[PDB]
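Chains as they are written, first to last, in this note's numbering: chain A, 41 to 303; chain B, 1472 to 1604; chain C, 3 to 341; chain D, 611 to 659; chain E, 226 to 338; chain F, 132 to 182; chain G, 148 to 213; chain H, 15 to 218; chain I, 7 to 55; chain J, 112 to 296.
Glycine included, every Cβ here is placed at the ideal spot set by N, Cα and C.
This report refers to the structure that appears directly beneath it.
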Amino acid sequence: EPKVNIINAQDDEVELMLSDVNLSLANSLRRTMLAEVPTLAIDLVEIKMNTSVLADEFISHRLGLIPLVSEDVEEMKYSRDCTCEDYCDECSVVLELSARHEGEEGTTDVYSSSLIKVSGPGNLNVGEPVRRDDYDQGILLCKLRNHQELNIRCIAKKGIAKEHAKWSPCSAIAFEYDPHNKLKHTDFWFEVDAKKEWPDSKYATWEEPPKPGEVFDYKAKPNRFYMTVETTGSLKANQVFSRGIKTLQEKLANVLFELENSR
Amino acid sequence: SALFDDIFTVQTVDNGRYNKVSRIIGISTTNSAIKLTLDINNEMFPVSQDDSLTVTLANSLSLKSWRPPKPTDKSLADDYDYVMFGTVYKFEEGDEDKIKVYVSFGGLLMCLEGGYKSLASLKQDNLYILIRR
Amino acid sequence: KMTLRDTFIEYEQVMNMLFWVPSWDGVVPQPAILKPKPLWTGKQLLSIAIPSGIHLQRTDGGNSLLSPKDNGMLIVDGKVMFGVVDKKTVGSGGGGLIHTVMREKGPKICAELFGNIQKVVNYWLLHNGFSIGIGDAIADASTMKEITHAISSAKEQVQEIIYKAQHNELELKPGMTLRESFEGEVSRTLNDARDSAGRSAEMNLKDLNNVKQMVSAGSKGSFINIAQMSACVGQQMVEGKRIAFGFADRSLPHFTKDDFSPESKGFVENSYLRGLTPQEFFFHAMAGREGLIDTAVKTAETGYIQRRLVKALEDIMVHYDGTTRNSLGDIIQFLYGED
Amino acid sequence: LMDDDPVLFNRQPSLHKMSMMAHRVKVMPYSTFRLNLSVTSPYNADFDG
Amino acid sequence: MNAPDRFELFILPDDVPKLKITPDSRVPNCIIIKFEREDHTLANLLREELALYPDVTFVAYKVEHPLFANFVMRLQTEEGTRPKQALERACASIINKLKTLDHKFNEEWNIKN
Amino acid sequence: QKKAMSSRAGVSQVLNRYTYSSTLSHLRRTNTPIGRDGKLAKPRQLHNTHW
Amino acid sequence: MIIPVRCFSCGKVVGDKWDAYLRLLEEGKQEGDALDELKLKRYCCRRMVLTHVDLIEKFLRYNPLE
Amino acid sequence: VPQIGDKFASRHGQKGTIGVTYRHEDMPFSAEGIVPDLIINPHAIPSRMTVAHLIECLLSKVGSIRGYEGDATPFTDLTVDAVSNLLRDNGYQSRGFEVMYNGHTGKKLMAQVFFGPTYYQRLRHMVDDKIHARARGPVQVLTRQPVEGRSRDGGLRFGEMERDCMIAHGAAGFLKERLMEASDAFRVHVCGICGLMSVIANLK
Amino acid sequence: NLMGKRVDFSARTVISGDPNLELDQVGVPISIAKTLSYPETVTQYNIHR
Amino acid sequence: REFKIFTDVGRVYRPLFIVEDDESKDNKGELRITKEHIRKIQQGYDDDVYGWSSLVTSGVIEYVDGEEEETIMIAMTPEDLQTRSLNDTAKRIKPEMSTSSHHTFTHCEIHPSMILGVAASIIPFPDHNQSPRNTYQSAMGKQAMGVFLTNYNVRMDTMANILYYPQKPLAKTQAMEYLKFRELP
RNA sequence: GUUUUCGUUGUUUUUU
Ligand SMILES: [Mg+2]
Ligand SMILES: [Zn+2]
Ligand SMILES: [Zn+2]
Ligand SMILES: [Zn+2]
């Protein structure tokens, strides 16, 4: 019964048309992709020696915010689920950084390229920092002056947007339906008139423009729901969507589990 | 359980400040001097001026935590178009032949003013009002 | 926004607030609307949060029994018959619902009803929401021009009073000297200007307008507030006076000597929407600093007043006899409040 | 100090005797005093610090 | 220096359970279900799913406090089905809906790009 | 210091560097050292000449 | 100083655009079209780059102890 | 880092503390799924009446969409209506309203929310610098009473009006222990003839 | 020092709004509810707790 | 029947644009300073230096005190310099000029927005909000968090506060440009 | 070693 007609697709941005679903279910899925989809982000930073002019908390928190290419973050075990003392590779990808400036007058631009993935449990390709792309030399991390050094090691562990926006698989997810307010969910507040003061959505062409004669059916419920999902490069749109679906499935499965567990 | 039965021709309607409800005032087709004023959700069952509506005042619709309305419980309501539940809040035992029964249906006010005995049986607490077109 | 006649709620939201309502008996009553679809009204939701055994009845503005405006007030045993509950009843007003629970049920029941209404309102607004916008604060151009012409007419009346005073044609008011009569009557005229403009703006406030909805809700704001924001601020009255000519026979070097016209003496010709001219901006600065200095000064004297009054009567107590006496036993009054 | 512990409740200034009120402690996180909206009005105070 | 922690929003303490059902004799065939480590995401979904169930006579939930990732849901069903059983039915129904969602999404994603 | 009495206090104060303006504006004050000997509003009230 | 790694209002990868943004600035170019070239679609992401104030260049032009 | 209770202010006198912090998923989103960084009380506008704040937010939206620095110099010729027209040109509602969708349900909130950027400022006052509890600490050398000052574990100075209100409250034992156990309390041995503390005293 | 003097078991902190809280309760920080305490005498009923 | 000259220390002066007050030319009711002087200043030098003292000593701008101000009549904006001879709800108001058909303003401020202060030059449209709130803004502006100095690190101060990410305001004044608020926001 | 030890004058600025 769940029906989708994907308008457009891309590595990060996707516009989908999920029809024949519940509004509450659709919102729950949107929340799951926004917060409960796991990614990899730096959660521990050691500064071995630093001669820059910036705080180490600054650079550490920024490093945490950096998305890491995380198509396989599911295989990574949690720092609390994994039984090992301290960190092992299976629950922790190690990153490294070492940069210097020597040219006196000048500045060495430390980029996320300098963040070198020096671990990652074979294979489990998680931990390499996301960038715009290859020609882009990476996310800029620091600016080095005469005789200034950044030497850092990093521990990245599996995480979600719910515990930090640095693990957030998405920036924002657009969720829409009823592109003409034919279901009467918003007032069209107005100073002169309601239909003309309020524009027509990009999905106005998709569903029918409401018949002026047609009296509102007080039993119809929202059925066609438009979705727009974007990722930061740590994951892909399809990955985030599927992970959210499966995560809410396993949430319901555990709810079952505890239901018959209590009885 | 259909204590009172009548049909009314609607003479006036006004929404005013309220948009989803209009107060409607009509005279009874069956017998004049029987005036019916009722606040109605317009978009849910619309009526207009001079509209003839089949009004029934019932003491009991069952022929208590309200449940999703089960079709297994038949209602005289199903015989009508707009059905509205309320409480008779004043039985106006006034004029010689003008009982003015005021019933509040959760806020929607109704005045049935007319015959003394024709409305005397309406000396109840709650009320079901049932409307065919 | 809730008690209104055309407020409609559906089974799911109903049941959700019922679970939210602390004073719900697990039993939802029959919805007022049942067919062709069961729908619920604001009054029944109110009565759900209300524990039974509370009746109230107040005719409002001489309203009738059929209450077309949903005005008036009638709660029966915790069930609202007609009338929208307002701050005149849910606030601290005497005879109010809180007064009623004080004098019928006690303080615990009032604490319960506070929680009831607070949580159900949290739900209902969380799900609806109510806001404010610039379009709410603006009225159509017709009322804007009514405002403009009201101010202009008041200015013309001011100029007429100026001419009468400047040629002694102004008839002397009782206990009010000629120049001061001029100043005071012009003050009255310009306050009438601001109030007329404001009342026009209030009239042009619309139903969806969250501004009139704010004042009618009464959560904050008032008439004069809208008058100043939308129509015009009006004369900056300091300690019940008018902004005088601070310089030599002038209030600003941009005005002239004996510039009896309003702009040179502190009457605001703009609203908070429009923004104010530098001269009258400085005049509103006059009024604002006046208010702040009034507060700051009044602090210390009101304080020592309070302290000395507390010192004055620190031991008056009604003894078990019922007579009000001193520590000496000399009776001030044989009974408390004569009763 | 547990939850529901009655404690004297005081604001400066305190003009009326209704400015002294006995509230039940509800041990809950954050370093502020969490209150009802209605009880703030007699205090004529706000949460601007 | 007093604010609560963040991992507890989903991590179950030993003493309290994920699911604590108590009988709601307030109306027949009703219970009160305490879901720790939960919020609106699952709560509203299960609420709507149960509301779609004809047996379910009362369905509601409330996040008693937003400063705690938890909620409690009151569920009454008809005299035939038990509230708990209606809950497993709702969970399994949403399971199958999610399966269909993921399948259709994946298929049209593949055919799309 | 011997004539501690009848001495004006506050003409020199520690420069604030909480913010940059905490210096700049701090360097462009004026003061009227009359004292609250007689409260009055004239030393505190804005005047048209202050325009 | 220093553009945020992640967009405060939204959360988009934005950090690796500053040098590109300056490149776009150099050719006497309008601001908004350049930001659009930088894939800055959400005006939150747009003013985050538009109104960011980097300050390390004065800090770095200080001769450090080492 | 900000926390519940932290003090902040606008450029329009709009000052307040944090009441609660909510995550992305629970707060409503726009049609494009955009949530605000911060939420304020509407009740300020009827009371505090900051029109310039509205103009600032409008110009902020316009500038962020158009990507330039907006001017707000006082005593200039700018008109709000033109800015609304440009916002129409920006493909956005002229009065800045936009439908939010309840974060908990995704349902279109009935009103269209005025939603956009504003320039705000952090303020020196925090919450955790005033949190201070004292059951027993250092006492002043002379008074033998709890010291004053949050630096040195200061006690709450009980004002005289608080005493008076407690007296009107019938708080005899409470105020007594506030002055007996919570304050200075020494026992001495006085004479019954002269009635003075003129007694060499030795308990042991 | 006599009509005004400091007390112990007293705390002073920020106030915040709690719409879901009861009127006669104040949301007390764990710091305040911990540092501040009441002396409960050991009785036969409270011995366990 | 008096006259008075003051050169004592402490009398404060503001530079007023010199509207020709001697009625002998069309510049009477206009500014001696013109777009020629503006262009010369825009050069930063003189076309054979034109500094600020150049404008002051050229007689097109002069210093004025309050005691002088109460004896002079000043134009607010460049609009009312020449004595003038519809229905817009987004504009301010100049003197009506109904009986006083003529006005020979001896001067005009460089900008009415210069009646403000250093802090006041920060607020976006401080003229659309209540004066008490303007005063509260002024008071709170000095205690608002920000970034004070570039070499905060080399200073050993009782308290130092530096923002992670200073941001230039979307809403700006023009005196802002002079305040360099883009550089220390 | 249970236990266990800081303060004031004056000055400025502040805080609903
Ligand atoms: Mg206070
Ligand atoms: Zn491990
Ligand atoms: Zn953004
Ligand atoms: Zn003796």
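Runs of the beta strand (DSSP E) spanning 3 or more residues and lying entirely within the segment 181 to 250 of chain J occur at 218 to 220, in chain order.
Assignment of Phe128(H) by DSSP, reduced to helix, strand and coil, places it in the strand class. Nearest in C-alpha terms to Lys175(C), of all of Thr301(C), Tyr13(C), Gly186(C), is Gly186(C). In this model, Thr284(J) and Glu70(H) are separated by some 11 Å (Cα to Cα). Non-local beta-carbon contacts of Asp615(D) in its own chain, meaning distances under 7 Å to residues more than five positions away in sequence, involve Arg634, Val635 in chain order. Beyond the five residues adjoining it in sequence on each side, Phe1556(B) comes within less than 7 Å, by CB distance, of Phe1576, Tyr1599 in the same chain, given in chain order.
Assigned with DSSP and collapsed to three states, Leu337(C) falls in coil, not helix or strand. Secondary structure at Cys131(A): helix, using DSSP grouped into helix, strand and coil.
Any heavy atom of ligand 4 within less than 6 Å of a residue's beta carbon puts that residue on the list, which reads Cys205(H), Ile207(H), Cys208(H), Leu210(H), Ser212(H). Neighbours of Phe116(C) in chain H, taken as residues whose beta carbon is under 7 Å from its own, are absent, since the nearest beta carbon is some 19 Å off.
Around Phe128(H), the same chain offers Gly110, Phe111 as residues with beta carbons nearer than 6 Å, after the five sequence neighbours per side are excluded. Contact annotation: the segment 238 to 245 of chain A does not touch the segment 175 to 186 of chain A, with fewer than three C-beta pairs closer than 8 Å. Only residues of its own chain outside the window of five on either side were considered, and among them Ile333, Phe336 have a CB closer than 6 Å to the CB of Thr325(C), listed in chain order. Residue pairing of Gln278(J) in beta bridges, as defined by DSSP: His199(G).
Of the heavy atoms belonging to ligand 1, none sits nearer than 7 Å to the Cβ of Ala298(C).
Comparing alpha-carbon positions, the option among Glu179(J), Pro206(J), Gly257(J) lying closest to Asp261(C) turns out to be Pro206(J). A heavy atom of ligand 3 is found nearer than 7 Å to the CB of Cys192(G). In this structure, the straight-line span from the alpha carbon of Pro279(E) to that of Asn301(A) is close to 26 Å. The beta carbon of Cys194(A) sits no closer than 7 Å to any heavy atom of ligand 2.
Residue pairing from DSSP places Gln59(C) in a beta bridge opposite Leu76(C). Between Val158(A) and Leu135(A), the CB-CB gap stays under 8 Å. Counting the other Cβ atoms within 10 Å of the Cβ of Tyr174(J) gives fewer than 16, which makes it exposed. In this structure, the beta-carbon distance from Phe657(D) to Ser22(I) falls below 8 Å. Here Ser138(A) has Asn191 as same chain residues with Cβ atoms under 6 Å from its own Cβ, once five neighbours each way along the sequence are excluded. Straight across, the Cα-Cα distance linking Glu289(E) with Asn1490(B) is about 34 Å. By the CB criterion at 8 Å, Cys255(E) and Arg314(E) fall outside the cutoff. In the DSSP annotation of this structure, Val61(A) is not part of any alpha helix (DSSP H), being labelled neither H nor E. Chain-order list of chain A residues neighbouring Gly137(C): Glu231, by C-beta distance under 7 Å. At least one C-beta of chain J is nearer than 8 Å to the C-beta of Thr279(C). Assigned with DSSP and collapsed to three states, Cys194(A) falls in strand. In terms of beta-carbon proximity, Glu292(C) lines the interface with chain F, with at least one pair separated by less than 8 Å. Residue range 180 to 206 is occupied by the alpha helix (DSSP H) that includes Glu182(C), with no beta strand (DSSP E) assigned at that position. In the DSSP assignment, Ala1548(B) falls outside any beta strand (DSSP E) and carries neither an H nor an E.
At a cut-off of 8 Å between C-beta atoms, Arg276(C) counts as an interface residue with respect to chain J.
With respect to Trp42(C), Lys121(C) sits apart: the two C-beta atoms are not nearer than 8 Å. Contact between the segment 1557 to 1571 of chain B and the segment 72 to 89 of chain C is present: 3 or more CB-CB pairs across the two stretches fall below 8 Å.
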